[PDB]
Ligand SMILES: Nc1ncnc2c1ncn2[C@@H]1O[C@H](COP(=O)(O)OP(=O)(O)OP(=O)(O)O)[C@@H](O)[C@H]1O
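Below you'll find only one chain, the form deposited without the named molecule, shown as structure tokens.
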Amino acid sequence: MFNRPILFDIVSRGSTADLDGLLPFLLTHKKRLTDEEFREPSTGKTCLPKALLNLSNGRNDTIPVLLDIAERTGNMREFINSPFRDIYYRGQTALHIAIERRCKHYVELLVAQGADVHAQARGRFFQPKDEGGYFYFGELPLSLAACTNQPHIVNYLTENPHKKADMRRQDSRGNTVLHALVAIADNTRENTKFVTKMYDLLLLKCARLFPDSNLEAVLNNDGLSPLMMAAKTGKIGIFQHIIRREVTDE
């Protein structure tokens, strides 16, 4: 006997033992971890997210097993990419939680099994009495990593051999990852320090991977390059840094 309430209890606790039988049960009953009855009616959280939120010393051994079972029984991409909503975001995915939980190990795993690397997490039109569980970060995992000051993950997302994230990708606002970086720059020392690093890290990177395309030149939907956007929004620290570079380049 398996179903939502049970299966979710089981991964919530991280018990591999309490999975024995899931594979046979699924097959013999013609059922799949992608099916609607294994999705939270409200959100869309498959058991994947559910196990990803209940890590412990940052691991949860149901994960590998679950991925495997979903591979054997059904469409594994469909599984990994299945999207969920909370009050603050819609279109969130396993990959997203992996990054917000600052967990190199499972990002690698998901990316390796076929995670959509360009999944956009979009904001919801919320209240006042709900405000503060949202922040705009680009919409994509790459932007997410960049913004939350996670170099080692940005590298992996761009340098892995399974699926590389396009640096030139623009979100729903037309914003690439540099725009994102602009968006989150406040003017604090600690902030400006990591942000410029991140910017420089990515621009230079995009130079080698694509030499005759300019990243800095991609205009968002308001028609702005990042630098323009920094000027237009009082992001002095980064605006300054950006200039100092363009020039210093001979």
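Position 1 is the first residue in the sequence shown; the rest follow in order. Between two forms, the rigid core is the largest collection of C-alphas that superpose within 1.5 Å.
The form deposited with the named molecule bound is left out here; the points below concern that form.
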Query - Pocket open vs blocked [the named molecule transferred in the bound PDB entry by site C-alpha superposition; 2.4 Å, backbone or C-beta, 3 atoms] - result: open
Report task. Considering the named molecule in the bound PDB entry, find the one stretch among 156-164, 116-124, 84-92, 176-184 with heavy atoms no farther than 4.5 Å from it. Result -> 84-92
Query raised in the report: Counting only non-hydrogen atoms and a 4.5 angstroms cut-off, does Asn214 reach the named molecule in the bound PDB entry?
Result: no
Query raised in the report: Are any of the heavy atoms in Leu209 no more than 4.5 Å from a heavy atom of the named molecule in the bound PDB entry?
Result: no
Query raised in the report: Taking the shortest heavy atom distance, is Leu53 within 4.5 Å of the named molecule in the bound PDB entry?
Result: yes
Query raised in the report: Taking heavy atoms and a 4.5 Å cut-off, does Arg101 contact the named molecule in the bound PDB entry?
Result: yes
**Report entry** Residue among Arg173, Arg85, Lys164, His118 with C-alpha shift of 2 Å or more between this form and the one not shown, core superposed
**Finding:** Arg85
Query raised in the report: Cα of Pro151 displaced 2 Å or more between this form and the one not shown, core superposed?
Result: no
Report task. Specify closer or farther for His118 and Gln127: how their Cα atoms are spaced in the bound PDB entry versus the shown form, given a shift of 3 angstroms or more. Result -> closer
**Report entry** Sense of the change in Cα distance from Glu40 to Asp130 in the bound PDB entry - at least 3 Å versus the shown form
**Finding:** farther
